[PDB]
Amino acid sequence: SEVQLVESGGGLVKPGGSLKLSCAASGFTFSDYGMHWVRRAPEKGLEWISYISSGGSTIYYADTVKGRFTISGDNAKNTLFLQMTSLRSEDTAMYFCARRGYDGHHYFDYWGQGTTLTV
Amino acid sequence: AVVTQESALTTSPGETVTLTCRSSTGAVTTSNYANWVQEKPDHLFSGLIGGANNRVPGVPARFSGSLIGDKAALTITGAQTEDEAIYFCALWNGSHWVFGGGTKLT
Amino acid sequence: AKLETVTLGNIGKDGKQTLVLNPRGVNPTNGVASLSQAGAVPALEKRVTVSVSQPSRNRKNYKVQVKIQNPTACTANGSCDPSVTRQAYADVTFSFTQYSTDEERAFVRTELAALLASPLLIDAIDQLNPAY
Amino acid sequence: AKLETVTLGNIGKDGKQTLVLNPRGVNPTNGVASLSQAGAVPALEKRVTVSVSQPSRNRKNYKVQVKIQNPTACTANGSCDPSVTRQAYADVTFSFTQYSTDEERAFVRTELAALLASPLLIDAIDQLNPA
Amino acid sequence: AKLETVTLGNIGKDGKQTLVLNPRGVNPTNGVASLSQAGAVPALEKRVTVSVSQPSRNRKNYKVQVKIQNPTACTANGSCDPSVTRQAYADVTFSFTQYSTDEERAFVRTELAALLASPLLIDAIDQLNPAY
Amino acid sequence: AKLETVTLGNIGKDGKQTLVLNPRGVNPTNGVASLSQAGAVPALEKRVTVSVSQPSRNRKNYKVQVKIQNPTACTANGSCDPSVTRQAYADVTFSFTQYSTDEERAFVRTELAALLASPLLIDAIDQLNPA
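Residues numbered from 1 in each chain as written, not as in the entry; some residues may be left out. Chains lettered and ligands numbered in written order. Heavy atoms only, no water.

1. Looking at the overall build of chain D
Selection rule: Numbering of helices and strands runs from the N terminus, with a helix taken as a DSSP run of H or I at least four residues long and a strand as a DSSP run of E at least two residues long. As defined in this context, the radius of gyration uses C-alpha atoms, and a globule is described by 2.2 Å times the residue total to the power 0.38. Partly exposed residues are those whose accessible area sits between 20% and 50% of the maximum for their type, while under 20% is buried and over 50% is exposed, using a 1.4 Å probe and protein chains only.
Of the regular secondary structure elements, chain D holds 2 helices and 6 strands. By the compact-globule yardstick of 14 Å for 131 residues, chain D is too spread out, its C-alpha radius of gyration being 18 Å. Along the first, second and third principal axes, the C-alpha set of chain D runs to 60 × 40 × 25 Å. Across the 131 residues of chain D, 47% fall into the buried class.

So, in structure tokens, the structure goes:
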């Protein structure tokens, strides 16, 4: 069917930067789907980070993050990147990935399983 | 809609129940594309109900999205024992998606 | 096809209202079929008129045209019958050539029917915000 | 809202084709936002233009207008580049007054979006049979 | 800067009312940014439009212009929807030259913002008494 | 896309200066978007104007045009406000046809952006030596 899994990253990184989150898509392609990143602080609620869309043409970067994260995609091997430059203050989360579906349809519909990245 | 909020109610298995999602600044509208997220307690999420009326293929028929009053509602008709989870809400305020706190359905 | 009672469902801002439209014949002067809500008041009816147009010596293209008219009533203090305060209109015109297949026309129809549910269109029609 | 790629799904006679539209700015002369398919050929793009119009001293009503343009290409024997044989158009215009609530406008929008899936409309548009 | 929800506080005759204004895009025809109150009725919105104007071959000066429009609604006996009885306007135009520093412009802005709280101005605007 | 504050970095003869440009709207008469440095003096601003041009009945090609204008100020003995002594200009015009794909256009853009760092160009622009 369609199963997502994120596993790349999750190290005890010093507050300097230079890590990479990555997930592999199985049941679909990035030609007509976009991917979200959300951020559950270890006791708080969820928080949306950033988003590339289908084909990689509109990228957003919610304004606690813009400038020090980069999200991209690589259509070969069907993987989705998340490359930062700094891990400043909290940045501790099970980082999930969401698959924004079709445009009149549901926008957080088939999720990942999360990786714990502690600073 | 910079922050959003909802309650933590519960119900019996033997009748319906609703879940509101109140935007803090003003009212929810159609532009606030409200869709719901279901979290089973293995922190295994799932998409539940789309923006206008839509459901994810695989979500059962006892689920309906609404705009009851000034709050995005969530009507579960005859809530059985398998959807004993927490439900998340979402709004697009024009700049970034905003998720709310849970609702511990038991 | 044959005119029949079109009972459209899941309509509105929330998505729970229904609208049943009864057919009221085809105008012979211009070939415009009409349907209206059974509200029993001839000025307070939500009506939909659909008409397809054959080619002439001045157009040479098929032209489909759909109009939706929704009036809003209000009761008054000074009279016992409600009047029409304002009306909401919608006008769709498809223009196809003399060589078009039905897959292209179904693509246009389903493209419009799926594009009227986009966040861009439900923000530009409901809240009247320009695309910016 | 804001212009962004609109990836419409379940389109066609069968219901399996998708159409991804990338935004291409807003025309400053008349306030018309444009979106088009990434087909990389400037004459063979399926395009959608949406524009809302403020009231003037000659209209005094809000006017929303959506245009859809779909050209069909064909290769030729006599040239190496495809040309436009024919085009399919669609033009929707909503006209609302200065006192209309958003429930009425959402009723009109969802009425049209549900009425473009009726058997009357899929028989009058696809097969071109009069009612 | 970027358009954002301007939530002005301590407004009114007493000084306790607040006014939250949501942005509604920038008009591409004339470069006029708009903000309005979230009152959800398109005729009963308190709105503020701000626009700065570049120099041309006919003005050769920078021109900042701010408009405030506040309509007042009233319910009616004879109709179910409220209408606009009257409107209050405000129009501010700053005109700066091509050689002005920012200290002079901030002096003009803060001079006007502190002069709209003088007893002369709160007696000439509120009670409409001429200065005498 | 949307106009935003373009903060260009690693600029100059040494490579350490930065330049932040704030957007100042789009001219409706000719469709020319402008950006300028926040120097707060309307004659001493480093400015960049970018505009893409649609095809007409006289050009039938897409035309992208970028202008960079950098004035140099000097204080004076005889006046208290600085004036413009001289200005440095740059004018780039891309001309693409109606059938060009985006790979060709990205090849032209990145070819120019990598060719403005060659020893030939940094010897012909900086030191003004002919090739």
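2. A closer look at the sheet that holds strand 4 (residues 47-53) of chain F
Residues and elements named next belong to chain F. Condition: The rule for pairing is simple: two strands pair if DSSP sees at least two bridges between them. Fitted lines through C-alpha atoms serve as axes, helices being fitted only where they are in contact, and the angles separating the N-to-C directions of these axes extend from 0 to 180 degrees.
An order of 1-2-3-4-5-6 is seen for the 6 strands of this open sheet, with the pairing classed as antiparallel. What marks the edges here is a single partner per strand, and that holds for strand 1 (6-11) and strand 6 (83-96). Averaged over neighbouring strand pairs, the angle between their axes works out to 20° when direction is ignored.

3. Focus on the interface of chain C and chain D
The extent of an interface is frequently quoted as the accessible surface area lost upon association of the parts. Under the convention used in this document: Residue contacts are counted whenever heavy atoms from the two residues lie within 4.5 Å of one another. Once two parts are brought into contact, the accessible area they lose, counted with a 1.4 Å probe and summed over both, makes up the buried area. Here, a salt bridge means any side-chain nitrogen of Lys or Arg that lies within 4 Å of a carboxyl oxygen of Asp or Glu. N or O atoms closer than or at 3.5 Å make up a polar contact, with two conditions inside protein: a donor-capable atom paired with an acceptor-capable one, and, for residues adjacent in sequence, both atoms drawn from side chains. Polar here means any residue other than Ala, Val, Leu, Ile, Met, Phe, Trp, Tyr, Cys and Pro, which are nonpolar, and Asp, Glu, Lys and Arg, which are charged; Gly is therefore polar.
With 68 residues of chain C in contact, the opposing surface of chain D contributes 67 residues. Surface buried jointly by chain C and chain D totals about 6,500 Å² across both partners, of which 69% is contributed by carbon and sulfur atoms. In this structure, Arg-86 of chain D engages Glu-104 of chain C in a salt bridge whose closest nitrogen and oxygen atoms are separated by 2.7 Å. For the pair chain C and chain D, the interface holds 24 residue pairs in polar contact. Elements that contribute at least two residues to the side of chain C that touches chain D include exactly strand 1 (6-11), strand 2 (17-27), strand 3 (32-37), strand 4 (47-53), strand 5 (62-74), strand 6 (83-96), helix 1 (102-115) and helix 2 (119-124) of chain C. With 14 residues, the single largest contributor to the side of chain C that touches chain D is helix 1 of chain C. A per-class count over the side of chain C that touches chain D returns 41 nonpolar, 14 polar and 13 charged.

4. Looking at the pattern of salt bridges
Side-chain pairing between opposite charges can occur once the charged atoms of the two side chains come close. All names here are of chain A. Within this structure, the stated rule accounts for 25 salt bridges over all chains. A salt bridge links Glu-43 to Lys-44; its shortest N-O distance comes to 2.5 Å. The burial state of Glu-43 is the same as that of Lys-44; both residues are exposed. Measuring nitrogen to oxygen at the nearest pair gives 3.2 Å for the salt bridge that ties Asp-91 to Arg-68. With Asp-91 in the loop between strand 7 (79-84) and strand 8 (93-97) and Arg-68 in the loop between strand 4 (48-52) and strand 5 (69-70), the pair connects residues that are 23 residues apart, well separated along the chain.

5. Observations concerning the side chain of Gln-4 of chain A
Residue and element names in this part refer to chain A. On the secondary structure map, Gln-4 appears in the segment before strand 1 (5-8). For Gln-4, a relative accessible area of 9% puts it in the buried group. In terms of polar contacts, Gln-4 uses its side chain to reach the side chain of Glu-2, at 3.4 Å. Setting aside chain neighbours within four positions, we find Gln-4 in contact with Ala-24, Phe-28, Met-35, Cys-97, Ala-98, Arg-99, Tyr-110, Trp-111 and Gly-112.

6. Quick word on the pairing of strand 3 (residues 32-37) of chain D
Residue and element names in this part refer to chain D. Examined bridge by bridge, strand 2 (residues 17-27) and strand 3 share 5 bridges and lie antiparallel to one another. In the sheet register, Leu-21 faces strand 3, and the bridge partner there is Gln-37. Of the pairings in the sheet, the one linking strand 3 to strand 4 (residues 47-53) comprises 4 bridges and is antiparallel in character. In the strand pairing of strand 4, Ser-36 is matched with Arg-47.

7. Description of a nonpolar patch on the surface
Operational definition: Patches were defined on residues exceeding 30% relative accessible area and lacking a salt bridge, with like-charge contacts within 9 Å and nonpolar side-chain contacts (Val, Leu, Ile, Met, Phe, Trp, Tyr) within 5 Å. Every accessible area reported is derived by Shrake-Rupley at a probe size of 1.4 Å, with residue values counting cover from the shown protein chains alone.
On the surface, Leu-112, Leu-115, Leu-116 and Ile-125 of chain E cluster together to form a nonpolar patch covering roughly 330 Å² of accessible area. Relative to the helices and strands, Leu-115 of chain E resides in helix 1 (residues 102-115).

8. Section: the nonpolar core
Rules: Grouping buried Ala, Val, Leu, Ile, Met, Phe, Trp, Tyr and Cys residues that are joined through side-chain atoms within 4.5 Å yields what is termed a nonpolar core.
Among the nonpolar cores identified, the biggest contains 60 residues, and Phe-94 and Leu-112 of chain C together with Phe-94, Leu-112 and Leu-116 of chain D are the most heavily contacted of them. Considering each element in turn, this core owes the most residues, 6 residues, to helix 1 of chain C. Excluding its chain neighbours within four sequence positions, the residues that come into contact with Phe-94 of chain C are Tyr-62, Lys-63, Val-64, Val-108 and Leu-112 of chain C together with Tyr-89, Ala-90, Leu-116 and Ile-125 of chain D.

9. A look at the state of the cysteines
Linking two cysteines covalently via their sulfur atoms produces the bond known as a disulfide. Residue and element names in this part refer to chain D. To keep it simple, the criterion reads: To count as a disulfide, a pair of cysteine sulfur atoms needs to be within 2.5 Å.
This model, assessed by the stated rule, comprises 1 disulfide over all chains. For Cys-74, which is in no disulfide, the shortest distance to another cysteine sulfur is to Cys-80 and amounts to 14 Å. Of the residues examined, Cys-74 reaches a relative accessible area of 31% and is grouped as partly exposed.

10. Examining a negative patch on the surface
Heads up, the condition is: Positive charge is attributed to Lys and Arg, negative charge to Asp and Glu, and no charge count is given to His or to the chain ends. Charge positions are represented by NZ for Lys, CZ for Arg, CG for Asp and CD for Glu.
Taken together, the side chains of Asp-102, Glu-103 and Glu-104 of chain E together with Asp-81 of chain F define an acidic patch exposed on the protein surface. Topologically, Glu-104 of chain E is positioned in helix 1. Classification of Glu-104 of chain E by relative accessible area gives partly exposed; the value is 47%.

11. What to know about the interface of chain D and chain A
Taken together, the 12 residues of chain D in the interface contact 12 residues of chain A. Together chain D and chain A conceal approximately 910 Å² of surface at their shared face, both sides included; 48% is due to carbon and sulfur atoms. In this assembly, chain D and chain A are joined by 0 salt bridges. When contributions to the side of chain D that touches chain A are tallied by element, the ones reaching two or more residues are strand 1 (6-11) and strand 2 of chain D. With 5 residues, strand 1 of chain D is the largest single contributor of residues to the side of chain D that touches chain A. Across the side of chain D that touches chain A, the residue classes tally to 4 nonpolar, 6 polar and 2 charged.

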